[PDB]
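Novice: Sending over a structure as structure tokens; questions will come in a sec.
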Amino acid sequence: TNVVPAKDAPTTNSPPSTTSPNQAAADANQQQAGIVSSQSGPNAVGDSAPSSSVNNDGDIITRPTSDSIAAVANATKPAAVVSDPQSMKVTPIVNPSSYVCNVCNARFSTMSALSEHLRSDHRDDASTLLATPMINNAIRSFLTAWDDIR
């Protein structure tokens with residue numbers, strides 16, 4: 001039965017709110033929408049119709065009370081991070097190999113480069129990975145801060 005589909009459109013909106021007038025006006029609007037309340041017997045004078053003019057608290061919704069509340073909260077913001085006196089907050093060196101900040105003495109560059117150098121000292125992707133060139137070059141490597149040499 002078609003009766004159901006038709007039915008459903010009412011159900012969907014149980015708060016018929018068209019415009020934003022006072023309670024009495026909303027009542028007239030829904031009346032004219034619904035039927036024709038033209039010189040009716042009964043004295044309808046007290047009757048009211050749900051409207052966007054009010055909330056659940058009897059307050060006048062200028063703009064949806066939620067949106068008001070959220071914009072109102074923004075009121076309560078001072079100046080983020082304004083620091084005025086001079087501080088003394090130092091740091092360990094930022095540039096040479098800043099994942100450990102140098103390892104194995106030898107000179108480093110980029111942060112990548114550390115990982116990439118580290119590899120030759122094993123651990124970092126190179127702790128005897130099944131195979132090798134066997135007879136690897138250089139043999140001897142004389143290392144120190146003043147000379148890194150093979």
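Convention: chains lettered A, B, ... in structure tokens order; per-chain residue numbering from 1; ligands numbered from 1 as shown.
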What parts of chain A does DSSP call alpha helix (DSSP H)? I'd like the answer as an MDAnalysis selection string.

Specialist: chainID A and resid 3:12 23:34 65:73 111:118

Novice: I'd like the contact shell of range 21-37 of chain A - 9 Å cut-off, only C-alpha atoms, skipping same-chain residues fewer than 5 positions apart - returned as a PyMOL selection string.

Specialist: chain A and resi 16+45-54

Novice: Which polymer residues have any atom within 12 Å of an atom of range 132-142 of chain A, counting only C-alpha atoms, with same-chain residues fewer than 6 positions away left out, as a list in words?

Specialist: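 The contact residues come out as residues 105, 106, 120, 121, 126, 148, 149 and 150 of chain A.
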
Novice: Give me the residues near residue 125 in chain A as an mmCIF file with C-alpha atoms, in the first residue's frame, where near means some atom within 9 Å (using only C-alpha atoms) and where sequence neighbours in that chain fewer than 5 positions away do not count.

Specialist:
```cif
data_model
loop_
_atom_site.group_PDB
_atom_site.id
_atom_site.type_symbol
_atom_site.label_atom_id
_atom_site.label_comp_id
_atom_site.auth_asym_id
_atom_site.auth_seq_id
_atom_site.Cartn_x
_atom_site.Cartn_y
_atom_site.Cartn_z
ATOM 1 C CA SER A 115 73.529 5.650 8.699
ATOM 2 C CA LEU A 118 77.581 3.235 10.138
ATOM 3 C CA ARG A 119 77.038 0.463 7.737
#
```

Novice: Near residue 103 in chain A, counting only C-alpha atoms, which residues have an atom at most 9 Å away, once you skip same-chain residues fewer than 4 positions from it, shown as a VMD selection string?

Specialist: chain A and resid 97 108 114 118

Novice: Could you check how far CA of residue 20 in chain A sits from CA of residue 61 in chain A, in Å to one decimal?

Specialist: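 Rounded to one decimal, the two atoms are 8.9 Å apart.
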
Novice: Would you mind writing down, as a compact mmCIF listing (two decimals) with C-alpha atoms, in the first residue's frame, each residue of chain A that DSSP on the backbone assigns to strand (DSSP E or B)?

Specialist:
```txt
# COMPACT_ATOMS: atom_id res chain seq x y z
CA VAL A 54 13.70 29.30 20.27
CA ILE A 60 16.25 33.42 21.05
CA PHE A 142 94.46 3.99 10.82
CA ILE A 149 92.88 6.87 6.77
```

Novice: Of the residues A:56, A:8, A:104, A:90, which is the one nearest to residue 144 in chain A, using only C-alpha atoms?

Specialist: A:104
